[PDB]
Amino acid sequence: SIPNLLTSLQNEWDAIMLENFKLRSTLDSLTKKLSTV
Amino acid sequence: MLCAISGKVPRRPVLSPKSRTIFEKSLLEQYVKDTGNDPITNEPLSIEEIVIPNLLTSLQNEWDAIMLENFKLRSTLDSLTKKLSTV
Amino acid sequence: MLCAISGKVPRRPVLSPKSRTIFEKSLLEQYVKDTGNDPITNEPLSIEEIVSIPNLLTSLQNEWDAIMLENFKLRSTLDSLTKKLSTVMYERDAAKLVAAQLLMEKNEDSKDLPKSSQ
Amino acid sequence: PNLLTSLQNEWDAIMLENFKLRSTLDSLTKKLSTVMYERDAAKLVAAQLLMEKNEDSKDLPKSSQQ
Amino acid sequence: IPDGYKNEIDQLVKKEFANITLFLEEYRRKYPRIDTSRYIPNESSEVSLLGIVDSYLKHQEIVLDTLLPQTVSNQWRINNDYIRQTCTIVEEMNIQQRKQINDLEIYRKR
Amino acid sequence: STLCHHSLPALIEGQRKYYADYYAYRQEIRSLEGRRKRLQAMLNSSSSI
Numbered sequence: 923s924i925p926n927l928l929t930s931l932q933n934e935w936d937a938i939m940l941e942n943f944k945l946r947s948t949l950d951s952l953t954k955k956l957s958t959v
Numbered sequence: 024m025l026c027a028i029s030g031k032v033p034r035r036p037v038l039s040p041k042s043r044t045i046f047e048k049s050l051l052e053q054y055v056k057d058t059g060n061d062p063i064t065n066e067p068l069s070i071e072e073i074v075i076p077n078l079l080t081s082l083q084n085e086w087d088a089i090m091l092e093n094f095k096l097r098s099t100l101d102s103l104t105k106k107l108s109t110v
Numbered sequence: 002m003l004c005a006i007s008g009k010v011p012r013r014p015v016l017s018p019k020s021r022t023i024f025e026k027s028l029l030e031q032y033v034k035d036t037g038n039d040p041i042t043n044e045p046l047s048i049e050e051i052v053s054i055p056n057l058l059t060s061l062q063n064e065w066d067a068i069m070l071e072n073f074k075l076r077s078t079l080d081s082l083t084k085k086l087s088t089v090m091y092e093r094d095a096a097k098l099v100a101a102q103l104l105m106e107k108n109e110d111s112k113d114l115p116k117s118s119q
Numbered sequence: 186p187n188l189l190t191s192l193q194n195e196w197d198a199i200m201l202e203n204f205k206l207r208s209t210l211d212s213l214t215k216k217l218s219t220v221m222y223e224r225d226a227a228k229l230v231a232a233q234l235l236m237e238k239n240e241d242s243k244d245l246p247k248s249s250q251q
Numbered sequence: 268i269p270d271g272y273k274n275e276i277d278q279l280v281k282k283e284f285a286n287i288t289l290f291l292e293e294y295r296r297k298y299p300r301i302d303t304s305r306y307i308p309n310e311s312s313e314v315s316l317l318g319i320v321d322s323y324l325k326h327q328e329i330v331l332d333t334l335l336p337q338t339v340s341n342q343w344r345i346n347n348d349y350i351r352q353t354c355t356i357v358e359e360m361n362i363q364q365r366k367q368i369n370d371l372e373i374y375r376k377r
Numbered sequence: 017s018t019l020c021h022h023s024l025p026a027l028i029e030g031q032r033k034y035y036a037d038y039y040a041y042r043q044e045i046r047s048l049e050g051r052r053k054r055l056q057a058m059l060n061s062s063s064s065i
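Chains as they are written, first to last, in the numbering used here: chain V, 923 to 959; chain D, 24 to 110; chain F, 2 to 119; chain Z, 186 to 251; chain W, 268 to 377; chain B, 17 to 65.
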């Protein structure tokens, strides 16, 4: 159904926001997983 | 809002069907009477020839900007990763 | 300033050279592919011829509510006109029969006065 | 990215439907206006016709009497 | 008579009458589909971590980057001017229709 | 509120409708010759008596 397609787009934006977040905190950690070296 | 020929606020806007642009009727009429042409493109034109979505386009700007945000972290990761492999 | 299809304020307005009327590009591009002709004038026209939280939840919910209850109520308005466009034409034809019946009545009454003199 | 593209594609139909629905709305209701005007206009024909037909009868009956 | 002859003739006309999409339309019954009522509430003690970071931090950062002022009122008043050009055009047509309407009635009068 | 609420409803909801039904002229202009022509023939017969 269409009313479920509403919740899918909500979940997909919800997922991409975390998929973008997890990718930046990992970048920052390697900086000191490199600065400590 | 403006007339392309003069640069004033046209009080009688008429759009041409050769070069899509909003001209003031009194100005463009004199331009046609001078020579049968459109002032911008110089294509032939006569007097008879003259005459939710916003929210969706917003979401494109959101994702299109965030996609570039990912490149800033993907590209920096490729340099910090090699400031690590050689270290 | 508006599109002559959806009733939008276009982001990329394009005008057709057969009939001087400004349409949003996506909506006019759809119409040509469906049936290659200008929607207003019914004249031959082609594509080349043209010249997170509230946003996800509250705002998007209201937009699909406003579309749903509007077209349903609009479908209700169209039915009422067809419902009694009939009450108009029937009452009209009913009046025609009265005029036709009275037209024979009046002149005949008026002709009886002309004959009365004799 | 395609969910937004799909959301556009379905809206594109929504606008096309609203147009054809509105055209018949105004075009049909416009015939309603021409009828209602002409109906009450044709109605005045009867009001005039009625009084004239009534005048003939009093005139003829008072004359035929004498 | 705007009260007798119309009522009289109406009765005579009356006497002659005595003689003679799926998702959208369903939602019209009067219920909007529920959206994600999740991001706003959440709970520190409560369940789910993603909601904290997979819901609030990134969106708040996007908000603070989106919430703006650089242009400020200039971008708003620029659109306000466009609305005035749009409005006057309608009233000009109101006039053009008003003149031709009275013009047709004028010819009938004679 | 001035447009798509008051400038549009006077324009879409009245003047266009009233302009199209402002005439009334096409159907009327023609009923008159019929009205007079009946009266003219009715007068001709009265003259004979």
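Backbone N, C-alpha and C fix where the C-beta goes; we use that ideal spot for every residue, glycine too.
Within 7 Å of any Cβ in chain W, is that where the Cβ of residue 137(Z) sits? There is no way to answer for residue 137(Z), as the model of chain Z reaches only from 186 to 251.
Just verifying my parser: in three-state terms, what is the DSSP assignment at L58(F)? coil
How is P246(Z) classed by DSSP in three states: helix, strand or coil? helix
Pick from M105(F), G37(F), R13(F), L82(F): whose alpha carbon is nearest that of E50(F)? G37(F)
Per DSSP, which residues does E47(D) bridge with? Please list them. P36(D)
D39(F) (DSSP reduced to helix, strand or coil): coil
Closer than 8 Å by C-beta to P11(F): which residues in its own chain qualify, once you throw out the five before and the five after it? Chain order, please. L3, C4, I23, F24, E25, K26
Classify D302(W) as helix, strand or coil using the three-state DSSP reduction. coil
Contact between the stretch 96 to 110 of chain D and the stretch 89 to 98 of chain F (3+ Cβ pairs under 8 Å): no
Which two residues bound the contiguous alpha helix (DSSP H) that contains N361(W)? 341 to 376
Using a Cβ-Cβ distance cut-off of 7 Å, determine whether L317(W) contacts chain V. yes
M24(D) at chain W interface by Cβ criterion, 7 Å: yes
Taking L371(W) and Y41(B) to be in contact with their CB atoms under 8 Å, please state how far apart those CB atoms are, rounded to whole angstroms. 6 Å
Look at the alpha carbon of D277(W) and the alpha carbon of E44(B), and state the distance between them as a whole number of angstroms. 21 Å
What in chain D is Cβ-close to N942(V), meaning under 8 Å? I89, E92, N93
Would you report the Cα separation of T80(D) and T59(F), rounded to the nearest angstrom? 18 Å
Is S47(B) close to chain F? Criterion is C-beta to C-beta, closer than 7 Å. no
Chain-ordered residues of the stretch 206 to 237 of chain Z with a beta carbon less than 7 Å from chain B: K215, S218, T219, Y222, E223
What would DSSP say about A27(D), mapped onto helix, strand or coil? coil
For a cutoff of 7 Å on Cβ pairs, would you count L931(V) as touching chain E? Annotation note: the requested chain E is absent from the structure, which comprises protein chains V, D, F, Z, W and B.
Check whether chain F comes within 7 Å of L279(W), counting only Cβ atoms and requiring the distance to be less than that. yes
With distance defined between alpha-carbon atoms, name the residue in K112(F), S53(F), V33(F) nearest to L331(W). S53(F)
What is the rounded straight-line gap between the Cα of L103(D) and the Cα of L945(V)? 14 Å
Of all the beta strand (DSSP E) runs that stay within the bounds of the stretch 36 to 61 of chain B, which reach a length of 3 or more residues? none
On the CB-based measure, 16 or more other CB atoms within 10 Å of its CB, does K34(F) come out buried or exposed? exposed
Where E310(W) falls: helix, strand or coil (DSSP): coil
Got a sec, what are the start and stop residues for the alpha helix (DSSP H) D321(W) sits in? First-last for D321(W): undefined, no H or E at that position.
Extent of the continuous alpha helix (DSSP H) to which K282(W) belongs: 272 to 286
Under 8 Å between beta-carbons, which chain F residues line up against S62(B)? List them in chain order, please. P115
Whole-angstrom Cβ separation of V357(W) and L19(B), contact assumed at under 8 Å? 5 Å
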